[PDB]
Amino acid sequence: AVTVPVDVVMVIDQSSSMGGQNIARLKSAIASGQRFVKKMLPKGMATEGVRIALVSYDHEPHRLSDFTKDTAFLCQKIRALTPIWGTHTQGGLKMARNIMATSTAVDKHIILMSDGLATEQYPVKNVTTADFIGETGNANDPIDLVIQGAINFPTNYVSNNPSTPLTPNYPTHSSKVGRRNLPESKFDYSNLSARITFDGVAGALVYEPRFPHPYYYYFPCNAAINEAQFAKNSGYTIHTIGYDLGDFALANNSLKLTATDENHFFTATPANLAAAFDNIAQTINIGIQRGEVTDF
């Protein structure tokens, strides 16, 4: 029985939302993460053809392991996941692209798991108003949803810092938000811990105070979809778990679009997360089968 080599990068959001009152989220993430590792590396170091790498992220990404068959090392890093402020989903994906760049596996998969909106992203170089876009007219688009939400709850969505007298302009239906189809050349990747801020803070929308009416906002959910697209263009399959998103359309739809397609997007709760990782492992393992060697 022949299988092609496969390399998997796990990218796990460890934002503050995973802990505190919500600690069931972290605990199930840790249980299911280890379950997935064991399922994919059943022989440990002797598992032919399979390797797993691990990224966690909060306001910055963390390389927890390069590609490895070392079940114990991976499981120890998963058990050490820690809720920390910030959701730099673009950064997690960017570090996954860095790691996958060295792969010569035939099959190349990224698993992204996040329980919230992205609120951090990398700076845009030589930024102009053309790097932003307005309402699409598709009410399910992350663009239209974030604009509508920020109209309903301006200080929840838009970067603002009450400890200073500085103040953003808040959006209307005419406002423009970060695109999700910028070229890779547009992002400053010189520092994977960097984030765009206004008045010292980030957010679901980050005000670009240099630009005029109708007002312009970086949109980290769109930046994350943009980064996912670079990975898919490189040939990597993305499976995304929208984790405990509680029927919040912006969070659901923003994460759905990072996946290879809608069939690679899973809506999970802590209670049923293991079933999503089981299905992803099954899909990966079905995909690598190349039959038997029976030349004669």
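Numbers for residues come from their place in the sequence shown, where the first is 1.
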Q) Quick one: higher average CA temperature factor, 13-21 or 281-289? A) 281-289
Q: Read off the CA B-factors in the entry, average them over 175-183 and over 67-75, and name the higher stretch.
A: 67-75
Q. If you check the C-alpha B-factor for each of 120, 199, 107, 141 in the entry, which is highest?
A. 107
Q | Residue, from 270, 235, 61, 242, that the PDB entry assigns the highest Cα B-factor | A | 235
Q. Considering only modelled residues of the same chain, in which third does the CA B-factor of residue 195 rank: lowest, middle or highest?
A. middle
Q: Among all modelled residues of this chain, ranked by Cα B factor, put residue 127 in the bottom, middle or top third, i.e. lowest, middle or highest.
A: middle
Q. If you rank the chain by CA B-factor, which third does residue 152 end up in: lowest, middle or highest?
A. highest
Q: Report the third (lowest, middle or highest) to which the CA temperature factor of residue 116 belongs, ranking only the modelled residues of the same chain.
A: highest
Q. Going by the entry, which third of its chain does the Cα temperature factor of residue 57 land in?
A. lowest
